[PDB]
Amino acid sequence: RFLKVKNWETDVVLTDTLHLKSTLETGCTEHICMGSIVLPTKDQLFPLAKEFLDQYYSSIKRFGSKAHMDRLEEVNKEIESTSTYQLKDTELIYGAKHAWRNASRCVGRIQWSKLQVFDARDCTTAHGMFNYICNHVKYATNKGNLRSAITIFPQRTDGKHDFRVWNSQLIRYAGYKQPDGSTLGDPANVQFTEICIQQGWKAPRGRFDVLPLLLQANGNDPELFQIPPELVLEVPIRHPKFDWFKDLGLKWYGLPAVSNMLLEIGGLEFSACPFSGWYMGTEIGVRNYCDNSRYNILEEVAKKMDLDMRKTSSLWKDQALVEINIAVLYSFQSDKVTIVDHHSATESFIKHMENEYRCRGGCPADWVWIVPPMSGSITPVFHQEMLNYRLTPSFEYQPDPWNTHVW
Amino acid sequence: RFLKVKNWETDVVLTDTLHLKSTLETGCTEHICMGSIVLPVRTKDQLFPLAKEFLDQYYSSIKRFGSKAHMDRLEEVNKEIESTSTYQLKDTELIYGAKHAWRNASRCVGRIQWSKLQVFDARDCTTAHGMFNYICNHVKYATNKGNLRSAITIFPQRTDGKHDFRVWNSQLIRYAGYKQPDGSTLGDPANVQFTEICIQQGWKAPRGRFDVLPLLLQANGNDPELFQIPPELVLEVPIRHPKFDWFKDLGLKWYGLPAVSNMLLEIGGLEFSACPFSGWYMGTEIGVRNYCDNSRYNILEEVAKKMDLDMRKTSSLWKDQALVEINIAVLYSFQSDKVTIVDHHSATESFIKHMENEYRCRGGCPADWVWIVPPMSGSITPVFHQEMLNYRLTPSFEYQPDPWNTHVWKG
Ligand code: HEM
Ligand code: HEM
Ligand SMILES: Cc1cc(N)nc(C[C@H]2CNC[C@@H]2NCCNCCc2cccc(F)c2)c1
Ligand SMILES: Cc1cc(N)nc(C[C@H]2CNC[C@@H]2NCCNCCc2cccc(F)c2)c1
Ligand SMILES: C[C@H](O)[C@H](O)[C@H]1CNc2nc(N)[nH]c(=O)c2N1
Ligand SMILES: C[C@H](O)[C@H](O)[C@H]1CNc2nc(N)[nH]c(=O)c2N1
Ligand SMILES: [Zn+2]
């Protein structure tokens with residue numbers, strides 16, 4: 001019932017009580033662990049609503065008060081009649097901050113309480129969506145001093161009337177399939193990039209082409225829009241000691257802003273809810289640049305360092321990997337754009353976990369995702385046992401709209 | 001029910017039916033994943049089911065399932081249990097047994113070698129001094145003058161749990177650590193307590209930064225006994241760097257043979273509480289964990305100082321830079337001295353190949369991602385990108401409490 005988690009580096013032990021408030025399923029059984037798997041009505045709505053309002057009135061310290069009881073009935077009476085209900089602004093902010101608090105795969109939650117929430121529930125069209133997105137991008141970019149933000153479009157109704165941002169992020173680079181068999185740009189976005197050319201985008205067909213936004217209002221055909229270029233802050237990638245680095249021609253955008261997720265608060269489903277913070281260095285250095293199936297620039301870099309690529313055991317991939325990541329951190333900082341290195345991100349996440357243990361009774365955390373994809377064991381999160389569980393409100397993945405939407 | 005795992009780099013999907021043959025619990029529930037928790041005397045009743053299962057396995061694999069010789073062995077194990085409360089494994093069964101304990105070992109990235117294990121049967125051993133002698137032969141044979149060979153040495157199974165063979169050392173070769181009275185620690189900090197025990201049992205400690213520990217051996221439930229391993233048997237590699245000449249002045253070395261001596265080997269219900277096994281090292285085990293963990297030799301700072309890195313801001317990635325050099329030095333030193341070692345790239349690649357094969361030939365490969373992915377350069381090794389299913393098959397290697405914690409002292 002109570003569970004202890006030990007840090008095997010500091011011997012510090014914490015007791016988890018928060019997992020018993022967990023509702024949804026993990027994918028794991030007594031017989032099988034599924035921790036490394038990337039993805040494992042009116043009758044239904046009212047309990048969900050009640051469970052959420054109960055934690056909301058508790059957090060504001062008015063559990064079981066007349067204000068509590070009255071909102072509880074008001075929501076019940078709106079469900080029986082309208083087959084859905086509306087959140088109050090205050091409940092919406094709480095909902096969203098907490099969906100971030102509960103994101104077990106996010107290393108950056110020490111920040112959770114300072115989320116800026118933009119309520120876009122009065123939006124009705126794709127142009128309106130575009131306007132909200134641009135105000136989001138600009139607010140959160142803040143000339144390089146980035147701020148956490150989420151913009152919340154109207155909730156799902158019959159399911160035929162969904163708002164959706166088809167992009168997986170607001171700002172991403174195009175992917176094109178070429179005559180050779182090679183890929184130009186970002187291979188992760190090839191399918192989406194084709195969906196842009198078939199909606200009518202003029203692709204410049206380079207390596208770092210900022211994709212257009214494809215916006216869906218109230219279930220309608222989606223629509224193309226270019227983000228004003230002046231709003232997409234980008235950093236050219238150079239190295240502090242290696243002068244040749246600049247001619248690789250690398251740049252990355254400043255703003256990571258996830259836009260394909262679904263926000264569930266008290267049974268209500270917000271299918272367009274883009275949110276953004278700022279990068280941990282390794283996300284770009286290790287994953288975007290180095291993954292075999294992304295930009296995969298490791299061979300090129302190691303060749304420019306004049307390292308021995310004859311045998312795997314020179315650790316030349318490892319040597320290059322560090323420099324590539326040195327250069328991302330250096331470039332961002334020298335341009336005064338917010339970024340965090342993996343040592344700092346994880347040290348901070350450990351502070352946060354210790355905070356959540358004494359102040360909430362626990363902290364759901366998915367180790368497989370928290371441990372950075374380089375230098376695992378030299379970060380303190382490597383030695384830290386974590387319990388993974390699913391709390392609500394939450395962010396969830398959702399089918400890609402193009403498989404699903406009807407034209 | 002069939003379960004699919006995806007490789008997110010190659011988009012290869014594989015199908016696991018083997019998980020269906022799993023009986024032990026994982027520590028996980030529908031409501032909670034404990035995949036990163038380090039650790040989450042039998043009666044006659046329980047024993048025959050386990051015996052039967054195992055012997056069914058054994059005989060399936062030799063293609064003799066349901067043969068006269070299979071039924072006759074079942075009946076014979078049956079009788080032996082009801083009459084003696086335990087049973088003896090045939091030699092061939094034990095070999096098969098120990099090989100599968102490896103093959104089922106889901107935290108081991110080194111299973112591609114699983115069949116080529118050399119089994120030493122020390123089940124006639126009755127005394128500590130007998131145990132020293134079997135262990136010495138293990139080590140010499142396994143060391144092979146640097147051309148390491150995997151091997152395990154199986155001492156007599158548990159009987160009533162009052163007569164256990166234990167190897168008190170966590171590994172056969174390991175360095176003393178000594179808590180000084182100023183809170184500092186000389187040698188290996190992981191081995192402090194056990195070192196103290198050795199000292200209590202009469203070991204006269206040199207007190208250097210790398211003193212090979214003495215074997216502490218328990219036979220047949222008896223109080224355990226000290227023995228120095230012959231130093232000519234302990235292969236060690238001094239650590240240098242191919243380009244940094246100052247590296248050798250750090251005074252580092254490591255032993256060449258990793259030999260785990262604290263696990264329990266379970267086969268068809270029988271428990272072997274002393275079963276040291278050994279392989280060869282993946283470079284990162286020494287380089288990342290043994291030298292660079294804060295709770296071990298902790299040399300990152302000393303190494304960064306000497307490279308004159310920018311140590312004033314963690315954003316220089318001075319730690320990441322120092323770590324790669326140290327790992328380079330470990331691999332270089334081993335290769336140059338002709339002692340077997342594998343780098344993490346080549347090991348993880350081998351393991352992906354094994355895993356794929358195991359799905360085609362066995363219908364599964366239980367693997368634990370938290371353990372399989374190396375503690376440096378995770379995502380540039382192909383395992384990071386591989387979905388894995390973790391489950392418990394028997395035969396298996398299990399953990400067991402440390403003996404100083406359970407052992408009944410006699411004087
Ligand atoms: C402000 C600094 C932030 C940092 C450094 C950060 C970092 C990360 C990292 C490293 C991941 C792992 C995913 C990967 O590497 O592919 C992640 C996932 C995630 N982040 Fe955070 N994040 C930040 C802000 C936010 C905000 C503001 C939200 C929402 C309010 C958020 C929600 C999530 C969610 C839901 C996931 C899981 C994504 C998935 O399951 O695919 N993050 N984040
Ligand atoms: C020969 C080359 C081998 C290599 C490179 C290798 C590699 C590894 C590594 C890197 C680990 C993770 C342990 C850690 O990092 O703390 C491990 C664990 C393990 N290995 Fe292997 N191994 C090899 C051979 C063997 C042999 C001979 C056996 C047994 C007969 C074996 C069985 C195991 C088991 C049972 C574990 C689980 C350890 C634990 O849970 O603490 N492997 N191995
Ligand atoms: C808001 C925020 C800040 C920061 N720093 N970082 C983030 C994570 C995103 C950035 N960099 C990757 C990650 N993206 C989140 C979405 N993950 C895709 C995993 C995936 C792929 C395919 C199929 C699946 F089912 C799942 C968010
Ligand atoms: C046979 C073989 C070959 C290789 N290369 N490598 C190995 C693993 C050992 C060497 N490098 C470290 C590792 N360790 C052996 C297993 N014990 C640690 C697990 C553990 C720790 C604390 C509490 C627990 F409950 C469990 C075995
Ligand atoms: C197979 C495995 O689940 C998959 O590669 C995961 C591993 N850990 C990860 N961790 C983070 N932070 N991001 C990822 O995309 C992944 N991918
Ligand atoms: C808490 C966490 O599971 C623990 O520190 C584990 C993580 N993965 C590991 N993986 C290996 N190979 N060896 C280890 O000691 C550990 N430690
Ligand atoms: Zn699990």
# chains A, B, ... in the order shown; residues from 1 in each chain; ligands from 1
call {"tool": "residues_near_ligand", "arguments": {"ligand": "ligand 1", "cutoff": "8 Å", "atoms": "only C-alpha atoms and all ligand atoms", "output": "MDAnalysis selection string"}}
result
chainID A and resid 96:97 99:100 103:109 111:112 115 147:150 258 261 275:280 282:283 287 339:340 345 369:370 372 394:397
call {"tool": "residues_near_ligand", "arguments": {"ligand": "ligand 2", "cutoff": "8 Å", "atoms": "only C-alpha atoms and all ligand atoms", "output": "PyMOL selection string"}}
result
chain B and resi 98-99+101-102+105-111+113-114+117+149-152+259-260+263+276-282+284-285+289+341-342+347+371-372+374+396-399
call {"tool": "write_last_selection", "arguments": {"atoms": "N, CA and C atoms", "output": "tab-separated table (two decimals), in the first residue's frame"}}
result
chain	number	residue	atom	x	y	z
B	98	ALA	N	21.91	-24.38	-15.84
B	98	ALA	CA	22.73	-23.19	-15.67
B	98	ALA	C	22.74	-22.37	-16.98
B	99	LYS	N	22.69	-23.03	-18.13
B	99	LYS	CA	22.68	-22.31	-19.36
B	99	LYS	C	21.41	-21.45	-19.49
B	101	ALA	N	19.43	-20.41	-16.90
B	101	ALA	CA	19.50	-19.34	-15.95
B	101	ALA	C	20.15	-18.10	-16.63
B	102	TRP	N	21.24	-18.29	-17.40
B	102	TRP	CA	21.82	-17.18	-18.16
B	102	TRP	C	20.84	-16.65	-19.19
B	105	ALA	N	18.24	-14.57	-18.13
B	105	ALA	CA	18.69	-13.37	-17.31
B	105	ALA	C	18.37	-12.01	-17.99
B	106	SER	N	17.22	-11.44	-17.70
B	106	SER	CA	16.82	-10.27	-18.48
B	106	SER	C	17.64	-8.93	-18.23
B	107	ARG	N	18.46	-8.86	-17.19
B	107	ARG	CA	19.23	-7.64	-17.00
B	107	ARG	C	20.62	-7.70	-17.69
B	108	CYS	N	20.97	-8.86	-18.27
B	108	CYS	CA	22.30	-9.14	-18.85
B	108	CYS	C	22.33	-8.86	-20.35
B	109	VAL	N	23.14	-7.90	-20.76
B	109	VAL	CA	23.25	-7.55	-22.15
B	109	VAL	C	24.14	-8.55	-22.84
B	110	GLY	N	24.80	-9.39	-22.04
B	110	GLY	CA	25.74	-10.31	-22.62
B	110	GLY	C	25.23	-11.69	-22.99
B	111	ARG	N	23.92	-11.94	-22.93
B	111	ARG	CA	23.39	-13.31	-23.29
B	111	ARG	C	23.64	-13.92	-24.66
B	113	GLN	N	26.04	-15.24	-25.84
B	113	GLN	CA	27.04	-16.23	-25.58
B	113	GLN	C	26.41	-17.31	-24.82
B	114	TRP	N	25.14	-17.16	-24.50
B	114	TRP	CA	24.50	-18.03	-23.45
B	114	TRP	C	24.88	-19.49	-23.47
B	117	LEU	N	28.62	-21.74	-22.10
B	117	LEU	CA	29.07	-21.65	-20.71
B	117	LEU	C	29.72	-22.98	-20.31
B	149	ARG	N	37.05	-16.78	-20.70
B	149	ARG	CA	36.04	-17.78	-21.11
B	149	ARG	C	35.02	-17.77	-20.01
B	150	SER	N	33.74	-17.80	-20.36
B	150	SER	CA	32.70	-17.84	-19.35
B	150	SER	C	32.62	-19.21	-18.76
B	151	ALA	N	32.29	-19.19	-17.49
B	151	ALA	CA	32.26	-20.38	-16.66
B	151	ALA	C	31.38	-20.16	-15.39
B	152	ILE	N	30.79	-21.22	-14.85
B	152	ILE	CA	30.14	-21.14	-13.53
B	152	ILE	C	30.49	-22.35	-12.73
B	259	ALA	N	33.32	-11.69	-11.90
B	259	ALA	CA	32.84	-13.01	-11.45
B	259	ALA	C	31.89	-12.88	-10.28
B	260	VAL	N	30.60	-12.97	-10.59
B	260	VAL	CA	29.53	-12.66	-9.62
B	260	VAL	C	29.38	-13.85	-8.69
B	263	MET	N	24.78	-14.72	-6.12
B	263	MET	CA	23.44	-14.97	-6.53
B	263	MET	C	23.03	-16.39	-6.24
B	276	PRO	N	29.08	-18.92	-8.06
B	276	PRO	CA	29.85	-17.87	-8.74
B	276	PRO	C	29.89	-18.15	-10.26
B	277	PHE	N	29.75	-17.11	-11.10
B	277	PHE	CA	29.82	-17.25	-12.58
B	277	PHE	C	30.60	-16.03	-13.07
B	278	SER	N	31.22	-16.15	-14.21
B	278	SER	CA	32.08	-15.10	-14.63
B	278	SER	C	32.02	-15.03	-16.13
B	279	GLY	N	32.31	-13.83	-16.65
B	279	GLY	CA	32.33	-13.61	-18.08
B	279	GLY	C	33.52	-12.76	-18.45
B	280	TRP	N	33.27	-11.73	-19.26
B	280	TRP	CA	34.23	-10.66	-19.40
B	280	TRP	C	33.52	-9.31	-19.37
B	281	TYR	N	34.27	-8.24	-19.28
B	281	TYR	CA	33.71	-6.97	-18.92
B	281	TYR	C	33.29	-6.26	-20.18
B	282	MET	N	32.15	-5.59	-20.10
B	282	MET	CA	31.84	-4.47	-20.99
B	282	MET	C	32.52	-3.24	-20.40
B	284	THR	N	32.10	-0.07	-20.13
B	284	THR	CA	31.42	0.94	-19.30
B	284	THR	C	31.23	0.57	-17.87
B	285	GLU	N	31.15	-0.73	-17.57
B	285	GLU	CA	31.06	-1.20	-16.19
B	285	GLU	C	32.21	-0.67	-15.30
B	289	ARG	N	30.76	3.26	-14.23
B	289	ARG	CA	30.23	2.89	-12.93
B	289	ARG	C	31.33	2.77	-11.86
B	341	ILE	N	37.68	-7.72	-23.68
B	341	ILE	CA	36.76	-6.70	-23.28
B	341	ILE	C	35.89	-6.35	-24.49
B	342	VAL	N	34.65	-5.93	-24.22
B	342	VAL	CA	33.76	-5.43	-25.24
B	342	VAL	C	33.33	-4.00	-24.92
B	347	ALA	N	28.67	-4.45	-27.94
B	347	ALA	CA	27.84	-5.29	-27.05
B	347	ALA	C	26.33	-5.14	-27.26
B	371	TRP	N	18.18	-1.82	-17.31
B	371	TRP	CA	19.50	-2.43	-17.12
B	371	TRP	C	20.30	-2.62	-18.40
B	372	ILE	N	19.60	-2.91	-19.51
B	372	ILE	CA	20.28	-3.20	-20.74
B	372	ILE	C	20.92	-1.98	-21.40
B	374	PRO	N	23.22	1.12	-21.80
B	374	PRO	CA	24.47	1.42	-21.05
B	374	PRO	C	24.38	2.74	-20.36
B	396	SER	N	16.53	-19.59	-13.17
B	396	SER	CA	16.86	-18.18	-12.95
B	396	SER	C	17.91	-17.90	-11.85
B	397	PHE	N	18.59	-16.75	-11.95
B	397	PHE	CA	19.49	-16.25	-10.95
B	397	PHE	C	18.77	-15.24	-10.07
B	398	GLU	N	18.77	-15.44	-8.78
B	398	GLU	CA	17.99	-14.51	-7.98
B	398	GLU	C	18.93	-13.86	-7.02
B	399	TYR	N	18.46	-12.79	-6.41
B	399	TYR	CA	19.24	-12.15	-5.41
B	399	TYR	C	18.97	-12.88	-4.11
call {"tool": "residues_near_ligand", "arguments": {"ligand": "ligand 6", "cutoff": "7 Å", "atoms": "only C-alpha atoms and all ligand atoms", "output": "MDAnalysis selection string"}}
result
(chainID A and resid 7:8 382:385) or (chainID B and resid 36:38 107 370:372 374:375)
call {"tool": "residues_near_ligand", "arguments": {"ligand": "ligand 7", "cutoff": "7 Å", "atoms": "only C-alpha atoms and all ligand atoms", "output": "list in words"}}
result
residues 28, 32, 33, 34 and 35 of chain A; 28, 32, 33, 34 and 35 of chain B
call {"tool": "select_by_dssp", "arguments": {"residues": "region 28-273 of chain A", "states": "alpha helix (DSSP H)", "output": "MDAnalysis selection string"}}
result
chainID A and resid 42:59 66:82 89:101 126:141 190:197
call {"tool": "write_last_selection", "arguments": {"atoms": "C-alpha atoms", "output": "tab-separated table (two decimals), in the first residue's frame"}}
result
chain	number	residue	atom	x	y	z
A	42	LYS	CA	-23.29	10.85	-19.31
A	43	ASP	CA	-22.84	7.70	-17.13
A	44	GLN	CA	-19.10	8.19	-17.45
A	45	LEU	CA	-18.75	11.95	-17.24
A	46	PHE	CA	-20.21	12.73	-13.81
A	47	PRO	CA	-17.87	10.56	-11.70
A	48	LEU	CA	-14.92	12.06	-13.59
A	49	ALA	CA	-16.23	15.57	-12.95
A	50	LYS	CA	-16.78	14.80	-9.25
A	51	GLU	CA	-13.33	13.30	-8.79
A	52	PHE	CA	-11.72	16.43	-10.28
A	53	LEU	CA	-13.82	19.06	-8.38
A	54	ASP	CA	-13.11	17.17	-5.18
A	55	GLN	CA	-9.40	17.61	-5.63
A	56	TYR	CA	-9.86	21.22	-6.76
A	57	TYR	CA	-11.86	22.32	-3.67
A	58	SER	CA	-9.41	20.40	-1.51
A	59	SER	CA	-6.42	22.26	-2.96
A	66	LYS	CA	-21.25	25.25	0.58
A	67	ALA	CA	-19.31	26.72	-2.41
A	68	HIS	CA	-17.95	23.14	-3.00
A	69	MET	CA	-21.35	21.37	-2.72
A	70	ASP	CA	-23.13	23.94	-4.95
A	71	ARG	CA	-20.63	23.72	-7.83
A	72	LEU	CA	-20.88	19.94	-7.54
A	73	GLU	CA	-24.63	19.99	-8.15
A	74	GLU	CA	-24.39	22.73	-10.80
A	75	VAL	CA	-22.10	20.43	-12.80
A	76	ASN	CA	-24.33	17.42	-12.27
A	77	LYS	CA	-27.33	19.42	-13.50
A	78	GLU	CA	-25.49	20.55	-16.63
A	79	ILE	CA	-24.56	16.99	-17.55
A	80	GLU	CA	-28.08	15.51	-17.27
A	81	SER	CA	-29.32	18.32	-19.51
A	82	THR	CA	-26.49	19.18	-21.98
A	89	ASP	CA	-11.47	29.70	-15.61
A	90	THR	CA	-9.95	28.97	-12.18
A	91	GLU	CA	-10.64	25.22	-12.61
A	92	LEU	CA	-9.18	25.31	-16.05
A	93	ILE	CA	-5.91	26.87	-14.87
A	94	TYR	CA	-5.72	24.36	-12.03
A	95	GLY	CA	-6.60	21.56	-14.46
A	96	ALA	CA	-3.82	22.43	-16.84
A	97	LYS	CA	-1.13	23.11	-14.29
A	98	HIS	CA	-1.89	19.79	-12.76
A	99	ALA	CA	-1.88	17.89	-16.07
A	100	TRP	CA	1.75	19.05	-16.30
A	101	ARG	CA	2.37	18.15	-12.63
A	126	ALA	CA	-8.92	28.11	-38.17
A	127	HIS	CA	-7.94	31.77	-38.68
A	128	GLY	CA	-8.93	32.38	-35.08
A	129	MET	CA	-6.74	29.42	-34.10
A	130	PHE	CA	-3.86	30.83	-36.08
A	131	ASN	CA	-4.20	34.17	-34.22
A	132	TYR	CA	-4.17	32.40	-30.80
A	133	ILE	CA	-1.19	30.31	-31.83
A	134	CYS	CA	0.80	33.32	-32.95
A	135	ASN	CA	0.07	35.13	-29.73
A	136	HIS	CA	1.22	31.96	-27.92
A	137	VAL	CA	4.42	31.64	-29.85
A	138	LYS	CA	5.33	35.31	-29.21
A	139	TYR	CA	4.45	35.40	-25.52
A	140	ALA	CA	6.40	32.17	-24.86
A	141	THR	CA	9.39	33.16	-26.93
A	190	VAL	CA	8.16	13.26	-44.19
A	191	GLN	CA	4.53	12.11	-44.02
A	192	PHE	CA	3.28	15.35	-42.66
A	193	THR	CA	5.39	17.29	-45.13
A	194	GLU	CA	3.62	15.38	-47.95
A	195	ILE	CA	0.27	16.34	-46.40
A	196	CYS	CA	1.46	19.95	-46.74
A	197	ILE	CA	2.38	19.66	-50.36
call {"tool": "residues_near_ligand", "arguments": {"ligand": "ligand 5", "cutoff": "7 Å", "atoms": "only C-alpha atoms and all ligand atoms", "output": "PyMOL selection string"}}
result
(chain A and resi 36-38+105+368-373) or (chain B and resi 7-8+384-387)
call {"tool": "interface_residues", "arguments": {"of": "chain A", "to": "chain B", "cutoff": "8 Å", "atoms": "only C-alpha atoms", "output": "PyMOL selection string"}}
result
chain A and resi 5+9+19+22-38+286-287+290-293+312-315+317-319+322+326+329+341+343-344+367-368+373-378+385-390
call {"tool": "residues_around", "arguments": {"residues": "residue 3 (chain A)", "least_positions_apart": "2", "cutoff": "10 Å", "atoms": "only C-alpha atoms", "output": "list in words"}}
result
residues 1, 5, 14, 15, 16, 17, 18, 19, 362 and 387 of chain A
call {"tool": "write_last_selection", "arguments": {"atoms": "C-alpha atoms", "output": "PDB file, in the first residue's frame"}}
result
ATOM      1  CA  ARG A   1       0.000   0.000   0.000  1.00  0.00           C
ATOM      2  CA  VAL A   5      11.808   4.598  -3.312  1.00  0.00           C
ATOM      3  CA  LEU A  14      11.011   8.268   0.352  1.00  0.00           C
ATOM      4  CA  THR A  15       7.528   6.768   0.954  1.00  0.00           C
ATOM      5  CA  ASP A  16       4.943   7.046  -1.815  1.00  0.00           C
ATOM      6  CA  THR A  17       1.323   7.474  -0.770  1.00  0.00           C
ATOM      7  CA  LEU A  18       0.088   9.313  -3.904  1.00  0.00           C
ATOM      8  CA  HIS A  19      -0.109   6.153  -6.076  1.00  0.00           C
ATOM      9  CA  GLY A 362       4.808  11.223  -4.127  1.00  0.00           C
ATOM     10  CA  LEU A 387       7.243   4.833  -9.339  1.00  0.00           C
TER      11      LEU A 387
END
call {"tool": "residues_around", "arguments": {"residues": "residue 216 (chain B)", "least_positions_apart": "5", "cutoff": "6 Å", "atoms": "only C-alpha atoms", "output": "VMD selection string"}}
result
chain B and resid 168 224 to 226
call {"tool": "write_last_selection", "arguments": {"atoms": "C-alpha atoms", "output": "mmCIF file, in the first residue's frame"}}
result
data_model
loop_
_atom_site.group_PDB
_atom_site.id
_atom_site.type_symbol
_atom_site.label_atom_id
_atom_site.label_comp_id
_atom_site.auth_asym_id
_atom_site.auth_seq_id
_atom_site.Cartn_x
_atom_site.Cartn_y
_atom_site.Cartn_z
ATOM 1 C CA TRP B 168 30.374 -14.239 1.268
ATOM 2 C CA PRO B 224 32.998 -19.003 6.944
ATOM 3 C CA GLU B 225 36.753 -19.118 6.328
ATOM 4 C CA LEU B 226 39.433 -16.724 4.978
#
call {"tool": "residues_around", "arguments": {"residues": "residue 306 (chain B)", "least_positions_apart": "4", "cutoff": "9 Å", "atoms": "only C-alpha atoms", "output": "list in words"}}
result
residues 246, 247, 301 and 302 of chain B
call {"tool": "atom_distance", "arguments": {"atom1": "CA of residue 232 (chain B)", "atom2": "CA of residue 337 (chain B)"}}
result
15.8 Å
call {"tool": "select_by_dssp", "arguments": {"residues": "region 49-166 of chain A", "states": "strand (DSSP E or B)", "output": "number ranges by chain"}}
result
A: 116-119, 149-152, 164-165
call {"tool": "residues_around", "arguments": {"residues": "residue 359 (chain B)", "least_positions_apart": "5", "cutoff": "7 Å", "atoms": "only C-alpha atoms", "output": "PDB file with C-alpha atoms, in the first residue's frame"}}
result
ATOM      1  CA  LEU B  14       8.462  -8.684 -33.271  1.00  0.00           C
ATOM      2  CA  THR B  15       5.941 -10.968 -31.554  1.00  0.00           C
ATOM      3  CA  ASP B  16       6.323 -12.454 -28.064  1.00  0.00           C
ATOM      4  CA  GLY B 364      10.638 -14.294 -26.925  1.00  0.00           C
ATOM      5  CA  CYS B 365      13.445 -12.674 -25.036  1.00  0.00           C
TER       6      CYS B 365
END
call {"tool": "closest_residue", "arguments": {"among": "A:274, A:364, A:393, A:154", "to": "ligand 3", "atoms": "only C-alpha atoms and all ligand atoms"}}
result
A:274
call {"tool": "residues_around", "arguments": {"residues": "residue 363 (chain A)", "least_positions_apart": "3", "cutoff": "7 Å", "atoms": "only C-alpha atoms", "output": "PyMOL selection string"}}
result
chain A and resi 353+356-357
call {"tool": "write_last_selection", "arguments": {"atoms": "N, CA, C and O atoms", "output": "short mmCIF file (atom, residue, chain, number, x, y, z; two decimals), in the first residue's frame"}}
result
data_model
loop_
_atom_site.label_atom_id
_atom_site.label_comp_id
_atom_site.auth_asym_id
_atom_site.auth_seq_id
_atom_site.Cartn_x
_atom_site.Cartn_y
_atom_site.Cartn_z
N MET A 353 11.21 16.15 -7.00
CA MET A 353 10.69 14.88 -6.51
C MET A 353 10.66 14.86 -4.98
O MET A 353 9.63 14.53 -4.37
N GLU A 356 7.74 17.02 -4.00
CA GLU A 356 6.48 16.32 -4.19
C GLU A 356 6.27 15.19 -3.18
O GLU A 356 5.13 14.94 -2.76
N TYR A 357 7.34 14.50 -2.80
CA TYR A 357 7.21 13.47 -1.78
C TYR A 357 6.74 14.02 -0.45
O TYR A 357 5.79 13.49 0.11
#
call {"tool": "atom_distance", "arguments": {"atom1": "CA of residue 175 (chain A)", "atom2": "CA of residue 207 (chain A)"}}
result
7.9 Å
call {"tool": "atom_distance", "arguments": {"atom1": "CA of residue 325 (chain A)", "atom2": "CA of residue 237 (chain A)"}}
result
10.1 Å
call {"tool": "decode", "arguments": {"residues": "region 286-295 of chain A", "atoms": "N, CA and C atoms", "output": "PDB file, in the first residue's frame"}}
result
ATOM      1  N   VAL A 286      21.533  15.233 -28.925  1.00  0.00           N
ATOM      2  CA  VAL A 286      21.543  13.775 -29.030  1.00  0.00           C
ATOM      3  C   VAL A 286      20.459  13.242 -29.974  1.00  0.00           C
ATOM      4  N   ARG A 287      19.218  13.686 -29.802  1.00  0.00           N
ATOM      5  CA  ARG A 287      18.105  13.033 -30.487  1.00  0.00           C
ATOM      6  C   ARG A 287      17.849  13.554 -31.910  1.00  0.00           C
ATOM      7  N   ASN A 288      17.652  14.866 -32.026  1.00  0.00           N
ATOM      8  CA  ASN A 288      17.340  15.487 -33.310  1.00  0.00           C
ATOM      9  C   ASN A 288      18.509  15.377 -34.298  1.00  0.00           C
ATOM     10  N   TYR A 289      19.724  15.596 -33.815  1.00  0.00           N
ATOM     11  CA  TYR A 289      20.884  15.585 -34.702  1.00  0.00           C
ATOM     12  C   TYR A 289      21.470  14.215 -34.939  1.00  0.00           C
ATOM     13  N   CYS A 290      21.472  13.385 -33.898  1.00  0.00           N
ATOM     14  CA  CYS A 290      22.249  12.145 -33.918  1.00  0.00           C
ATOM     15  C   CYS A 290      21.512  10.834 -34.163  1.00  0.00           C
ATOM     16  N   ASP A 291      20.241  10.767 -33.754  1.00  0.00           N
ATOM     17  CA  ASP A 291      19.427   9.585 -34.055  1.00  0.00           C
ATOM     18  C   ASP A 291      19.646   9.179 -35.525  1.00  0.00           C
ATOM     19  N   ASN A 292      19.968   7.908 -35.732  1.00  0.00           N
ATOM     20  CA  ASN A 292      20.074   7.364 -37.074  1.00  0.00           C
ATOM     21  C   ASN A 292      18.893   7.810 -37.944  1.00  0.00           C
ATOM     22  N   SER A 293      17.677   7.811 -37.397  1.00  0.00           N
ATOM     23  CA  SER A 293      16.490   8.136 -38.208  1.00  0.00           C
ATOM     24  C   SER A 293      16.074   9.616 -38.193  1.00  0.00           C
ATOM     25  N   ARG A 294      16.949  10.485 -37.699  1.00  0.00           N
ATOM     26  CA  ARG A 294      16.700  11.923 -37.774  1.00  0.00           C
ATOM     27  C   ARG A 294      17.750  12.584 -38.676  1.00  0.00           C
ATOM     28  N   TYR A 295      18.453  13.606 -38.189  1.00  0.00           N
ATOM     29  CA  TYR A 295      19.430  14.319 -39.027  1.00  0.00           C
ATOM     30  C   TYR A 295      20.758  13.556 -39.196  1.00  0.00           C
TER      31      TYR A 295
END
